[PDB]
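Inside the fold
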Amino acid sequence: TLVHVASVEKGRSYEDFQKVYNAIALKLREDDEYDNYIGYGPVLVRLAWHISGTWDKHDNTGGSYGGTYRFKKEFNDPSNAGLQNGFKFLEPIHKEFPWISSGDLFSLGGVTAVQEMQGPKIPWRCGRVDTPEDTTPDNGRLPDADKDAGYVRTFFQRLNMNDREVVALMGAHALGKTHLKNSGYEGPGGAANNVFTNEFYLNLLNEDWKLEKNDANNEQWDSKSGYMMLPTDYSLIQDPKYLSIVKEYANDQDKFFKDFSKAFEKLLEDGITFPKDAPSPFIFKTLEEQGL
Ligand code: HEM
Ligand SMILES: COc1cccnc1
């Protein structure tokens, strides 16, 4: 087991990171046409998850700390198809704030996106340090979408996530959409796909889903409303343990927000050792809270 100790970017404090947050949030507002006016919020959330979701608790390989998504092996992972859009978005931010590490920038992008899309506050800690190209994890550590509940459950044990954490994290599938050219799946999970809500769970329970083949010859569940669920999403209502939690979140927006916030921060921090005297986690104000 590798140790990665958080090391604060020299001399930086809350105000420095709130500036980076603000720069990301302002660009999110400005660049509003992307993906047929969905905007960049969803892809930034997905980027933060995929740079973290390479982690393996068994040896502390992968994970957000090293910022290794900047390297071509990872950038070109077929599981990461489409995330180049998020990376391109963050490039001018990194150029303006060259002092922030890549892992800190990619994870902060995800936090900023969730909060700006009216999601829960997600406490965030700085101190990821860029690591060399040879620390880049091999492709194939991110999950397949064509599998069942047992696959999902086992997969997430490698990220030290339990059933409640898994179900809560999957609620992010209310955001953005699947794109046939990226993943071989097509369509959004709901109507409000750039505002963070518990719609994923309501739609799983309330829509009439039909198992169909899309134009890439992959099965997905489709509703008459024009929504879709991946087999892995649908597995959350097939498995009785997942189903109970899906119902809980469909019936309690606040509980979903609180549980998502904890699991998402945990996901973004897996593999990182925080010194006892590290700064407390930062809670950034949204543009709206700042009157910006
Ligand atoms: C079983 C686990 C998961 C599977 C199999 C999976 C699979 C997928 C697939 C196939 C796409 C479509 C990519 C594209 O075509 O552009 C997608 C999109 C997305 N995923 Fe997941 N995902 C999983 C878990 C998660 C988690 C844990 C999060 C974050 C907390 C997340 C956040 C998102 C977001 C925000 C999008 C939309 C991206 C965009 O609109 O550009 N996913 N996911
Ligand atoms: C955003 O990715 C999605 C959308 C709908 C269902 N599953 C995943």
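1. Here's the deal with helix α6 (residues 102–116)
Helix length check: α6, at 15 residues, gives a terminal C-alpha distance of 21 Å against a target of 21 Å (1.5 Å per residue), a fit within 8%. Summarising burial for α6: 14 of the 15 residues are buried, a large majority. N-cap assignment for α6: the residue whose side-chain oxygen lies 3.2 Å from the backbone N of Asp-104 is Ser-101.

2. What about the site of ligand 1?
The environment of ligand 1 is made up of 24 residues, and the closest members are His-173, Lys-177, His-179, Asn-182 and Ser-183. Within the contact set of ligand 1, an oxygen atom lies 2.7 Å away from a side-chain nitrogen or oxygen of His-179. Here an oxygen atom of ligand 1 and a side-chain polar atom of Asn-182 are 3.0 Å apart. Residue assignment for the shell around ligand 1 shows that the elements contributing at least two residues are α3 (41–52), α8 (163–170), α9 (180–183) and α13 (253–269). By residue number, the principal contributor to the shell around ligand 1 is α3, which donates five residues. Split by residue class, the shell around ligand 1 holds 14 nonpolar, seven polar and three charged.

3. Quick notes on the packing of aromatic side chains
Each pair of aromatic rings is reported with the distance of its centres and the angle of its planes. Taken as a whole, this structure holds 31 aromatic pairs when the rule is applied. An angle of 40° between the planes, with centres 4.8 Å apart, marks the rings of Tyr-40 and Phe-89 as tilted. Separated by 49 residues along the polypeptide, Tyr-40 in the loop between α2 (34–37) and α3 and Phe-89 in helix α5 (residues 84–96) bring together distant segments of the chain. Both residues of the pair, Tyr-40 and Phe-89, belong to the buried class. With centroids separated by 6.0 Å and ring planes inclined at 50°, the aromatic side chains of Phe-282 and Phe-284 adopt a geometry described as tilted. Pair check on accessibility: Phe-282 and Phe-284 agree, each one buried. An aromatic cluster is present here, built from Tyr-14, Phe-17, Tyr-21, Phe-97, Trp-99, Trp-124, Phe-282 and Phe-284 joined pairwise through their rings. If you follow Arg-125 out to its NZ or CZ, it ends over the ring of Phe-274, 4.1 Å from the centre. Seen from the ring of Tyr-151, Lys-147 lies directly overhead, with NZ or CZ sitting 5.6 Å from the centre.

4. Some details on the site of ligand 2
With respect to spatial proximity, the complete set of residues near ligand 2 consists of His-173, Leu-175, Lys-177, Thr-178, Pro-188, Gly-189, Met-228, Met-229, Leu-230 and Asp-233. A distance of 3.5 Å is found between a nitrogen atom of ligand 2 and a side-chain nitrogen or oxygen belonging to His-173. Interatomic distance of 2.4 Å between a side-chain N/O atom of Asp-233 and a nitrogen atom of ligand 2. Across the shell around ligand 2, the residue classes break down as five nonpolar, three polar and two charged.

5. Side note on the nonpolar core
Membership of the largest hydrophobic core comes to 76 residues, with the highest contact counts inside it found for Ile-24, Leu-90, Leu-108, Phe-156, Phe-260 and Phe-264. For this core, the domains that each give at least three residues are domain 1 (1–142 + 264–292) and domain 2 (143–263). Excluding residues within four positions of it along the chain, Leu-90 makes contact with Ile-24, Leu-44, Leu-47, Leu-105 and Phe-106.

6. As for the UniProt feature "domain: Plant heme peroxidase family profile" (unreviewed entry) in the chain
Per the UniProt record, "domain: Plant heme peroxidase family profile" (unreviewed entry) is found at residues 100–292. Between the end C-alpha atoms of residues 100–292 there is a gap of 23 Å, over a span that is 44% helix and 6% strand.

7. Regarding the packing of α6 against α13
The interhelical angle for the contact between α6 and α13, taken along N-to-C directions, is 165°, at an axis separation of 10 Å. The angle between the axes of α6 and α13 places the two elements in the roughly antiparallel class. Here α6 and α13 pass one another in a crossing that is right-handed. Of the residues in α13, those in contact with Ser-107, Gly-110, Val-111 and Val-114 of α6 are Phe-260, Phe-264 and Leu-268. Of the residues in the contact of α6 with α13, the class split is five nonpolar, two polar and no charged.

8. Comments concerning the side chain of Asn-80
When you line up the elements, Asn-80 lands in the loop between α4 (72–75) and α5. A distance of 2.8 Å separates the side chain of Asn-80 from the backbone oxygen of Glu-74, its partner in a polar contact. Every residue in contact with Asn-80, bar those within four places of it in the chain, is listed here: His-50, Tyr-69, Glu-74, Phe-75 and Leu-142.

9. Regarding the environment of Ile-51
Following the sequence through the fold, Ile-51 ends up in helix α3. Accessibility expressed as a relative area gives 3% for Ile-51, which makes it buried. In sequence terms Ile-51 and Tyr-69 are 18 residues apart; their C-alpha atoms lie 6.3 Å from each other. Residues in contact with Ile-51, not counting those within four places in the same chain, are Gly-63, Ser-64, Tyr-69, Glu-74, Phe-106 and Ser-107.

Conventions we followed
Residues numbered from 1 in each chain as written, not as in the entry; some residues may be left out. Chains lettered and ligands numbered in written order. Heavy atoms only, no water. Residues with missing side-chain atoms left out of burial classes, pairs and counts. Helix = DSSP H or I, 4+ residues; strand = E, 2+ residues; numbered from the N terminus. Expected span 1.5 Å × (residues − 1). Buried < 20%, exposed > 50% of the residue type's maximum accessible area, 1.4 Å probe, protein only. Polar contact = N/O pair within 3.5 Å; in protein donor to acceptor, adjacent residues only side chain to side chain. Near = heavy atom within 4 Å. Nonpolar A, V, L, I, M, F, W, Y, C, P; charged D, E, K, R; others polar. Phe/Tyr/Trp six-rings, centres within 6.5 Å; stacked < 30°, edge-to-face > 60°. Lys NZ or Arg CZ within 6 Å of the ring centre and 35° of its normal. Core = buried A, V, L, I, M, F, W, Y, C linked by side-chain atoms within 4.5 Å. Domains from an automatic or database assignment. Contact = heavy atoms within 4.5 Å. UniProt positions renumbered as here; feature names shortened; annotations may be inferred. Axes fitted to C-alpha atoms, helices over the stretch in contact; angles between N-to-C directions. Parallel < 35°, antiparallel > 145°, perpendicular 65-115°, else oblique. Left-handed = near helix turned anticlockwise from the far one by under 90°.

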